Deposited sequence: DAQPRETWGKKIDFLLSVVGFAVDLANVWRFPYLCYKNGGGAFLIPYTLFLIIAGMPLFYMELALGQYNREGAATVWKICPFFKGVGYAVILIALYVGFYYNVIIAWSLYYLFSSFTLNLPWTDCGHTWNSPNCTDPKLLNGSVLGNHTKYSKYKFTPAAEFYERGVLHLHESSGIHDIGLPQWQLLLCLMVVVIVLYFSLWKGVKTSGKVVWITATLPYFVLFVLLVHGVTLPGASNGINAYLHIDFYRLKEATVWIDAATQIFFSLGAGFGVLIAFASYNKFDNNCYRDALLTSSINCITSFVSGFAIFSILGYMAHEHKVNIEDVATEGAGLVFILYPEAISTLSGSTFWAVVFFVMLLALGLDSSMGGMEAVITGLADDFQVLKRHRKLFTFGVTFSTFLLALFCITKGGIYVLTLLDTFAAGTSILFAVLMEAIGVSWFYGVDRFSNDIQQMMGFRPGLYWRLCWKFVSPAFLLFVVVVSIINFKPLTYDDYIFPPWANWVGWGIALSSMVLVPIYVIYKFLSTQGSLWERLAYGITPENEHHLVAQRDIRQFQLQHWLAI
């Protein structure tokens, strides 16, 4: 039961700047509400589906052939996310390489990458840590926008090559490869978080940050942005909507208890996210005190917030080299575990559909890894931060919400929630209670539909700190988002057009499970009765 205790890289990297962007404490209410309402029930649903059917994301829809486009959509979303997930790991490797010294590079203002405006004690970017991150690592000062991105840096190129080589050699021989990664992933982050929290509570000015964190702006609610952000982050962090959970549960024992796993994972997620936010806001308060600025303008709101905040707190400890090495090793391990999970999801989902790919695992693994490396080459250019921001905004947003809603609607309305409950009782010995059935059938779909409609209606053009993207970038992002959403109606049209018979016959074939198709000739379909749809 050590997989349940494993910490996610999302809770440590993405949650801080999403909480800081939305004012602090106002972000916690929609997050908890969505976790209770739609997060845990659908985690449970995906685990149970994968465990019962022993299939991947694509071939699990043999229970309802019309809904097979959702698996392709989630596989495409996983590929899109993996296209930029590994740049964070490359950054962590670069920082770990830079940490092997007694004079950390982010503490002084006397190096070759420092502008004459760098100050050693809108947005504030003249601090040594921010200057290091933006000029000695990204080299962003040589880029003018998404229209001018330049050539990739060779140091980040070497880091990316190392990352992809490790990823390939950790997957080329199959699943269950003696996953010692989860042992580090379940122990070290707790120690690091405890040490950082205990130290940061005592820093001068941290009280203001804690007060800001524990304050709720009720005007920040009633607007769409915080709800959309919380809903997207819940499913991003829990792993739902990527095909990871179904693929991993397809290897579980038949009588494994998915209820306990769902409960434990949800609790760990909540606790880790809250602690991470507390530590981040303590550091923010200290930084605002020391630089003599407001807390709303002291740091950036992008994907590189932790890479500035955490070295700043590390520099305040005694024995900074040891703590820096430990922290960046932990970050690297978290990233590697997440990337392994995503790659395995893609590979298993695609290999279950085509049986020829099962005899050529090494070649298929090489193809997937090389394609990911070639596509990730775009995000290590001089202006790669803009490409990364675009991908992080448009890869798993409305698309992932729509895919999750389609999965829930399919399972709970066309296959049958009572059939699902009977399937669970067959392998676990007990039947799910009324709360789970109600959440599966009515509560979660309604909230997901509302959030999808609101996200479409209230779209805001993309920005990065003080930089405003051109409109064609927004068009490109919306095209990326739609490329995964269009796959479901396309497959429905193809399945209807590729079946021979009459309208009634094709309609009956599209909704009947593949192993019950002998009932079409007998003309007895449960979906053609009122009791099937009235059943709750």
*Which bits of the deposited sequence have no atoms placed for their C-alpha?*
1-16, 138-151
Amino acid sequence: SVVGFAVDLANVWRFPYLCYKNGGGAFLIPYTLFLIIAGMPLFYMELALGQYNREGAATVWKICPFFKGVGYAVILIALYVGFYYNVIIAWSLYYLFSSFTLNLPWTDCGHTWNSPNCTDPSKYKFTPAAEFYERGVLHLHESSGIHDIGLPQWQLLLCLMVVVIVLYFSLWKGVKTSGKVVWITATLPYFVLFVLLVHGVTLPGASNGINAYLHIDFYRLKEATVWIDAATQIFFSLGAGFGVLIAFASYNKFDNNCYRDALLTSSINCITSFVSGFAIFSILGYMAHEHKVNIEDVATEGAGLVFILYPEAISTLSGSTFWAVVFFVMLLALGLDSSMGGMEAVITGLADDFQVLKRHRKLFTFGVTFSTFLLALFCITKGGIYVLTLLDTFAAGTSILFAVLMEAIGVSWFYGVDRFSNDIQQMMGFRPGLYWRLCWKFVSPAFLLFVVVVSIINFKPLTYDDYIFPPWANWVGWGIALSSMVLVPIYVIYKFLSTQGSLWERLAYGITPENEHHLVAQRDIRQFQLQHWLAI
From here on, numbers count along this sequence of modelled residues.
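We call the rigid core the largest set of C-alpha positions that still match within 1.5 Å between the two forms.
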*Using RMS Cα distance over all structures and residues, flag whichever of 161-169 and 277-285 lies farther from this form in 8 other deposited structures of this protein after a core fit.*
277-285
*Please pick 291-299 or 129-137, whichever has its Cα atoms farther from the shown form in 8 other deposited structures of this protein after a rigid core fit.*
291-299
